[PDB]
Amino acid sequence: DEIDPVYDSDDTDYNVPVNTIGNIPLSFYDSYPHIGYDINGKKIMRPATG
Amino acid sequence: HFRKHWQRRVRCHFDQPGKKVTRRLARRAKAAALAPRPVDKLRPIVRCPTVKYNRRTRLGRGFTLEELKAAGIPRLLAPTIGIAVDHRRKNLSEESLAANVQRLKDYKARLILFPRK
Amino acid sequence: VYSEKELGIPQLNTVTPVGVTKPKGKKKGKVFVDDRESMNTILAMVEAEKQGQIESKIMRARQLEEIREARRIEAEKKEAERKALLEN
Amino acid sequence: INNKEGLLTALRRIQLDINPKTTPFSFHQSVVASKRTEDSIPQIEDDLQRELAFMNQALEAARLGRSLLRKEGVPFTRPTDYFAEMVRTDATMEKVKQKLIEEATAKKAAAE
Amino acid sequence: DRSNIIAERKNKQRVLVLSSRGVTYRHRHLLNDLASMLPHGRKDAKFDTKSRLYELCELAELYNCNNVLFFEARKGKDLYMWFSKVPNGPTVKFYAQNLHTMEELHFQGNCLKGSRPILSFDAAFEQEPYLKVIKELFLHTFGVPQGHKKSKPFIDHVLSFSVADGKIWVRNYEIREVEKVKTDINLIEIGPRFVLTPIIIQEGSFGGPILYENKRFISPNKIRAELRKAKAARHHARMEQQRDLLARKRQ
Amino acid sequence: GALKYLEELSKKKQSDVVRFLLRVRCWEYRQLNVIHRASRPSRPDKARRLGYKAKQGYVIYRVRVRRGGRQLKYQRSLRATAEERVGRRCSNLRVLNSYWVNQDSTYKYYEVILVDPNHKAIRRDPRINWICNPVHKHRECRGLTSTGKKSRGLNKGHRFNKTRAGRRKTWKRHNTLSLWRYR
Amino acid sequence: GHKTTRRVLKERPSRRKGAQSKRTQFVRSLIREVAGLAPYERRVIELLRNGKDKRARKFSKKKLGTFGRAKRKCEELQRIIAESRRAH
RNA sequence: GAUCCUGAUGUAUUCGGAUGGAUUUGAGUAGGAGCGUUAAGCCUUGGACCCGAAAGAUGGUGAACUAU
RNA sequence: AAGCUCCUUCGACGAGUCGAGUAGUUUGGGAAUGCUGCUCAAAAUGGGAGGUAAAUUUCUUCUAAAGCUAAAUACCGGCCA
RNA sequence: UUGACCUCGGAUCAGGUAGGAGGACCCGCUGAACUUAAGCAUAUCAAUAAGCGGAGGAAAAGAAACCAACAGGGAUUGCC
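In what follows, the accompanying structure is described.

Parameters at a glance
Residues numbered from 1 in each chain as written, not as in the entry; some residues may be left out. Chains lettered and ligands numbered in written order. Part of a larger assembly, values for the part shown. Heavy atoms only, no water. Helix = DSSP H or I, 4+ residues; strand = E, 2+ residues; numbered from the N terminus. Contact = heavy atoms within 4.5 Å. Areas by Shrake-Rupley, 256 points an atom, 1.4 Å probe, with all protein chains shown as cover. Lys, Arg positive; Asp, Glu negative; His and termini not counted. Charge placed at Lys NZ, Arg CZ, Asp CG, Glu CD. Buried < 20%, exposed > 50% of the residue type's maximum accessible area, 1.4 Å probe, protein only. Salt bridge = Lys/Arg side-chain N within 4 Å of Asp/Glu carboxyl O. Polar contact = N/O pair within 3.5 Å; in protein donor to acceptor, adjacent residues only side chain to side chain. Nonpolar A, V, L, I, M, F, W, Y, C, P; charged D, E, K, R; others polar. Pairing = 2+ DSSP bridges. Buried area = accessible area lost by both parts, 1.4 Å probe. Near = heavy atom within 4 Å. Axes fitted to C-alpha atoms, helices over the stretch in contact; angles between N-to-C directions. Parallel < 35°, antiparallel > 145°, perpendicular 65-115°, else oblique. Left-handed = near helix turned anticlockwise from the far one by under 90°.

**Regarding the overall build of chain G**
Stage number 1. A count of helices and strands for chain G gives four helices and zero strands.
Stage number 2. Traced from its N-terminal end to its C-terminal end, chain G shows the element sequence α-α-α-α.
Stage number 3. The C-alpha extent of chain G, read off along each of the three principal axes, is 60 × 30 × 20 Å.
Stage number 4. For chain G, restricting intrachain contacts to residue pairs at least 6 apart in sequence, the fraction spanning at least 24 positions comes to 40%.
Stage number 5. Summing over all exposed atoms, chain G offers an accessible surface of approximately 7000 Å²; the carbon and sulfur share of this is 50%.
Stage number 6. Side-chain charges of chain G comprise 30 positive and 8 negative groups, with the mean position of each set lying 9 Å from the other.

Now the structure itself:
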């Protein structure tokens with residue numbers, strides 16, 4: 001029986017971020033209206049201001 | 001190549017003749033203790049391990065149990081009559097077994113054993 | 001101490017992107033900054049870099065937010081220019 | 001020992017469909033050159049020519065990939081605003097640009 | 001959906017990057033570089049040499065991986081890479097040498113961590129039947145599926161496999177874009193540089209009948225044994241010469 | 001058979017029975033002194049295989065030792081430190097060998113088997129008259145116990161080239177310049 | 001190499017060092033029953049009873065450090081489960 | 001010996017270098033010279049032809065402050 | 001009391017120790033060269049170390065976590081010569 | 001009420017034992033710097049000197065979880 005390559009619940013990467021940004025600091029994007037880019041190539045807006 | 005202190009670690013062998021005389025007198029003293037007996041124990045003939053030296057034989061540590069049995073010398077009596085015994089060495093070859101049994105038989109033929117007390 | 005502009009040092013790709021590099025000894029397209037929104041964002045950057053460390057967290061947040069808003073308004077200004085020149 | 005029939009049987013077992021009429025380049029992103037690089041590398045020991053041929057093969061692959069990928073409409077260029085983790089660390093490239101600095105300075109210092 | 005893939009057609013490929021016990025620091029650096037370039041992968045530590053090559057397959061089933069990239073080091077000196085599709089076939093063994101890993105400060109190139117690469121292959125890879133099986137597996141290993149949620153959105157590097165000698169040479173390059181003169185692509189080496197020579201292709205996960213044998217593989221252990229035999233040969237020649245000299249002196 | 005039953009029960013340490021017993025004892029030993037005498041070995045099978053007998057001349061001492069490091073790491077173990085402290089306390093006895101008993105989170109605990117060399121039974125019995133011999137004074141101080149041998153690397157093989165037969169002796173032998181009469 | 005007549009050697013008890021002592025096995029099983037289970041073994045037992053067998057095996061690796069040790073621990077605990085089931 | 005070729009019977013169907021060559025290279029072959037030691041000279045390292053700089057470190061002995 | 005021989009009988013071998021992760025230190029020696037601390041923590045046709053591309057991880061060689069032991073070796077101190 | 005067992009104490013109870021000196025060589029812990037070289041830094045000096053603990057006439061090590069790939073060797077130690 002052949003392997004089905006899924007990511008089960010215990011997998012470290014079961015839940016992955018949508019930011020598609022690695023382990024870099026968030027010191028970047030600090031002067032920019034957005035935070036990171038999604039996998040489809042679209043930049044991600046900051047939600048709002050508090 | 002003198003970055004270290006060879007002066008505080010240097011050795012001179014001016015006692016070479018003195019140590020030689022000491023060793024010769026030590027061999028004389030063990031001959032005085034073991035008077036009729038030789039001052040060495042019988043050693044087997046073995047083959048050198050490395051392929052560099054595998055065509056020459058030398059003297060091993062002691063005789064193996066099965067070759068001792070084949071020659072007919074009891075294990076508990078061999079170190080008594082002056083034959084070294086090595087329980088770690090194994091024959092693995094009829095050639096070595098036969099050569100060592102020949103050596104032990106030559107010792108048997110040349111040996112003089114005194115009847116206890 | 002010598003300048004990396006004087007030395008023929010190639011640009012290296014780090015977390016900050018190199019982007020489309022421009023060839024050496026050639027005409028690099030001069031981009032003219034003339035929109036009041038663009039001077040707004042440049043001036044906001046200059047004022048932030050001059051003022052520097054503000055103790056208050058909300059003050060830091062507000063200067064950063066005005067920088068982001070200047071960048072945004074510049075973005076819709078450029079998008080509107082693009083649409084105007086693409087349909088009309 | 002080279003069993004072509006068995007090798008092809010094993011290929012047919014695993015061969016994911018890459019036919020261009022049905023499978024997009026955005027899906028495979030693999031392109032094969034139309035020229036053997038061993039025919040452009042006369043001597044294997046010639047490091048400069050060997051690396052040049054490898055680079056040329058990769059350049060052809062990159063240009064064809066860009067053409068197909070732009071036709072299919074997926075982003076190719078990395079925006080100057082996109083900061084992300086890189087395979088080689090920032091300290092590593094600081095060291096690399098440093099060594100480039102000492103090399104250039106040594107050369108122009110010898111000239112001076 | 002647990003595939004972590006957002007795409008119209010799902011290419012579910014999961015890679016298990018495994019190390020053996022006797023690997024060196026350079027081998028571990030190569031493994032780390034490959035794992036960093038592979039986002040659909042899982043790094044896994046030393047594997048028991050007394051264990052089973054199909055216990056590799058159960059381990060991959062444990063981690064739900066359909067491809068295995070296994071590093072097996074011999075004498076702490078030589079690398080061997082087993083590429084496999086687990087569970088049913090096929091699997092190749094390469095002798096890995098000539099390693100130049102990353103963090104070697106002479107490459108000058110970089111790429112995003114996990115971005116989809118461009119796979120460059122060779123006309124020999126399409127001509128020879130076994131090179132065709134090795135191309136497919138290397139595609140399945142370095143595929144970096146289209147909709148995977150750990151991959152980067154932009155493309156900036158090309159991984160090129162070339163066949164010049166009876167070996168496979170792998171290079172990794174950054175695509176730098178330069179504005180044309182009144183854009184053009186330039187390539188700068190970014191990553192690992194190692195040479196693979198094929199040894200066997202087995203039908204079956206880590207076993208089964210042999211489908212291809214190099215029959216021209218010169219083992220580094222064969223070179224070492226040749227050196228040892230040469231030393232012994234000179235020693236024995238000297239002994240024979242001494243015997244002949246003594247014999248002629250007698251005569 | 002009780003000795004193998006105890007050996008297996010000691011092998012299974014995080015088992016419920018052993019964990020409960022170790023907790024209560026760890027409490028009892030914290031209430032007791034840093035170094036104190038034992039009566040009977042809490043691990044009789046370990047003591048017996050290390051060489052403890054129920055003769056007039058064998059004693060046990062339990063010692064508490066603080067755990068951790070000096071980022072510097074002490075080359076001697078906490079086991080060797082316990083043996084040395086027990087010897088300094090009972091200077092009239094020879095430290096035969098020590099074994100682990102409890103660990104908590106602040107201190108490790110060790111029972112040290114010691115032998116009286118001046119006792120008549122010990123002197124008359126062989127197998128221990130060697131420790132009656134004077135060359136074995138403060139084996140724990142000279143590193144001649146099992147912990148000392150382990151720390152000194154007194155093993156045979158290509159992995160122990162620099163430490164077997166004495167590390168300092170090997171260094172001296174390698175760093176002496178030997179000059180003969182005929183050079 | 002050289003041609004020597006091979007000899008067959010007697011069985012080595014040091015080679016028989018591998019433990020086949022049925023009495024040692026009996027002692028080990030009885031001690032397992034008497035002492036019980038460690039907390040991590042209890043977690044593995046819970047996972048194996050619930051059916052998370054691949055998770056159990058991964059946790060056994062994380063707690064022990066080797067694939068073979070994890071496999072042996074999982075087999076031992078599965079045998080304990082089977083013996084408990086047939087005993088109840 | 002090495003490099004670039006030229007390409008023979010054939011061979012396991014993929015294994016090899018024979019002939020003729022080259023503005024090539026050897027610390028090459030081309031009918032062995034080395035080993036040991038004495039004396040003198042030179043080079044390097046050790047204190048290094050002799051005398052002489054401030055410093056740093058390890059371990060000890062003592063006191064000096066309307067500061068109380 | 002002891003040695004051998006034979007067998008339709010048996011044959012027990014060292015655990016907070018291996019080992020995994022990690023920090024320091026050390027070595028010619030990240031198959032971590034050894035050692036120490038710290039978190040986890042084993043096995044019984046077992047375990048350790050090597051050999052090997054040869055097709056699977058075959059083969060080779062030893063039994064760790066208990067202990068004793070003269071000699072060949074060192075010696076600027078002790079009794080002397 | 002009595003008497004055992006276990007644990008912990010007292011005695012100028014009977015009998016012993018440790019300290020300190022020495023430390024040339026020996027076994028451990030701890031541990032520098034001067035110097036040399038190198039764009040810089042690791043390194044070298046040195047796993048040395050100083051400091052601390054512990055033995056003897058020798059000490060230590062020592063009877064393979066060794067070496068090896070052999071046609072095998074066979075505790076440890078020292079010289080070439």
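**Quick look at the overall build of chain F**
Stage number 1. In terms of helices and strands, chain F carries nine helices and five strands.
Stage number 2. Ordered by position from the N terminus, the helices and strands of chain F form the series α-α-β-α-β-α-β-β-α-α-α-α-α-β.
Stage number 3. In terms of its C-alpha atoms, chain F occupies a principal-axis envelope of roughly 70 × 45 × 35 Å.
Stage number 4. Residues classed as buried in chain F amount to 37% of the 183 residues present.
Stage number 5. On chain F, roughly 12100 Å² of surface is accessible, and the fraction owed to carbon and sulfur atoms is 50%.
Stage number 6. Averaged over its 50 positive side-chain charges, chain F has a centre that lies 11 Å from the centre of its 12 negative ones.

**Some thoughts on the pattern of salt bridges**
Charged atoms that come close allow side chains of opposite charge to pair.
Stage number 1. Under the counting rule described, the total for this entry stands at 47 salt bridges over all chains.
Stage number 2. The partner of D10(A) in a salt bridge is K58(G), with the nearest N and O atoms 3.0 Å apart. Here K58(G) lies in helix 3 (residues 53-64) and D10(A) lies in the segment before strand 1 (34-37), a pairing that spans two chains.
Stage number 3. What makes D10(A) partly exposed here is its relative accessible area of 26%.
Stage number 4. Ionic pairing is found between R74(E) and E72(E), a salt bridge with its closest N-O pair at 4.0 Å.
Stage number 5. When its relative accessible area of 44% is taken as the criterion, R74(E) is described as partly exposed.
Stage number 6. Salt bridges here are not isolated pairs; linked through shared partners, they connect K35(D), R36(D), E38(D) and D39(D).

**Structural notes on the interface of chain E and chain D**
Stage number 1. With 66 residues of chain E in contact, the opposing surface of chain D contributes 60 residues.
Stage number 2. For the pair chain E and chain D, the number of links is five salt bridges.
Stage number 3. The partner of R171(E) in a salt bridge is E51(D), and the shortest N-O contact between them spans 2.5 Å.
Stage number 4. Across the contact surface, chain E and chain D share 29 residue pairs in polar contact.
Stage number 5. For the side of chain E that touches chain D, the secondary-structure elements that each account for two or more residues are strand 6 (118-121), helix 3 (123-127), helix 4 (129-141), strand 7 (157-163), strand 8 (168-178), strand 9 (184-189), strand 10 (193-202) and strand 11 (210-213) of chain E.
Stage number 6. The dominant element in the side of chain E that touches chain D, judged by the number of residues it contributes, is helix 4 of chain E, at seven residues.
Stage number 7. Within the side of chain E that touches chain D, the residues separate by chemical class into 33 nonpolar, 16 polar and 17 charged.
Stage number 8. Note that strand 1 (residues 30-32) of chain D and strand 6 of chain E share three bridges and pair parallel. Bridge assignment links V31(D) to a residue of strand 6 of chain E, and that residue is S120(E).

**Considering the interface of chain D and chain A**
Stage number 1. In this assembly, seven residues from chain D lie in contact with eleven residues from chain A.
Stage number 2. Contact between chain D and chain A buries roughly 820 Å² in total, counting both sides, with carbon and sulfur atoms accounting for 61%.
Stage number 3. At the surface where chain D touches chain A, the tally comes to zero salt bridges.
Stage number 4. Counting the contacts that link chain D with chain A gives four residue pairs in polar contact.
Stage number 5. Taken together, the residues that form the side of chain D that touches chain A break down as five nonpolar, no polar and two charged.

**Digging into the protein's contact with RNA strand I**
Stage number 1. Around RNA strand I sit 89 residues, and of these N221(E), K4(F), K46(F), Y74(F) and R69(G) come closest.
Stage number 2. At 2.5 Å from a base oxygen of RNA strand I is found a side-chain nitrogen or oxygen belonging to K50(E).
Stage number 3. One of the side-chain nitrogen or oxygen atoms of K93(E) is found 3.0 Å away from a sugar or linking oxygen of RNA strand I.
Stage number 4. Looking at the surface near RNA strand I residue by residue, the classes come out as 21 nonpolar, 28 polar and 40 charged.

**Quick notes on the environment of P39(E)**
Residue and element names in this part refer to chain E.
Stage number 1. One can find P39 in the loop between helix 1 (25-37) and strand 2 (41-47).
Stage number 2. Between the alpha carbons of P39 and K149 there is a distance of 9.1 Å; along the sequence they are 110 residues apart.
Stage number 3. When neighbours within four sequence positions are excluded, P39 is seen to be in contact with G114, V144, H148 and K150.

**Some points on the side chain of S15(F)**
Stage number 1. Structurally, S15(F) is set in the loop between helix 1 (2-11) and helix 2 (16-31).
Stage number 2. Apart from the residues within four sequence positions on either side, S15(F) is in contact with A35(G), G36(G), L37(G) and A38(G).

**Here we look at unusual backbone geometry**
Stage number 1. In this structure, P87(E) follows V86(E) across a cis peptide bond, with omega equal to 25°.
Stage number 2. Assignment of secondary structure puts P87(E) in the loop between strand 4 (78-85) and strand 5 (91-100).
Stage number 3. At the junction of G89(E) and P90(E), the peptide bond is cis and its omega measures out at -25° in the coordinates.
Stage number 4. Mapping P90(E) onto the fold places it in the loop between strand 4 and strand 5.
Stage number 5. Even without being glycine, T20(A) reaches a positive phi, approximately 55°.
Stage number 6. A positive phi is found at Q29(D), a non-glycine position, where the angle reads about 60°.
Stage number 7. As for its placement among the helices and strands, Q29(D) is situated in the loop between helix 2 (25-28) and strand 1.

**Describing the packing of helix 1 (residues 36-51) of chain C against helix 2 (residues 57-87) of chain C**
Residues and elements named next belong to chain C.
Stage number 1. At a closest axis distance of 8 Å, the pairing of helix 1 and helix 2 adopts a crossing angle of 160°. Regarding the angle of helix 1 to helix 2, the classification is roughly antiparallel. Note on packing geometry: the crossing formed by helix 1 with helix 2 is left-handed. Contacts between helix 1 and helix 2 involve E37, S38, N40, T41, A44, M45, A48 and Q51 from the first element and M59, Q63, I67, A70, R71, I73, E74 and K77 from the second.
Stage number 2. The residue makeup of the contact of helix 1 with helix 2, split by class, is seven nonpolar, five polar and four charged.

**Some words on the sheet that holds strand 4 (residues 107-115) of chain F**
All names here are of chain F.
Stage number 1. With antiparallel pairing, the four strands of this open sheet are ordered in space as 1-2-4-3. In this open sheet, the two strands that pair with only one neighbour each are strand 1 (35-38) and strand 3 (94-102). Neighbouring strand axes in the sheet, compared pairwise and without regard to direction, differ in orientation by 30° on average.
Stage number 2. Judged from the four bridges that link them, strand 1 and strand 2 (residues 58-66) form a sheet pairing that is antiparallel. When the bridges of strand 2 are listed, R37 appears paired with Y61.

**Structural notes on the arrangement of the chains**
Stage number 1. Here the protein chains form twelve pairs of chains in contact, of which the pair with the most contacts is chains D and E.
Stage number 2. Between chain C and chain F there is no contact, and the shortest C-alpha to C-alpha distance separating them is 34 Å.
Stage number 3. Over all C-alpha pairs, chain D and chain G never come within contact, reaching a minimum spacing of 26 Å.

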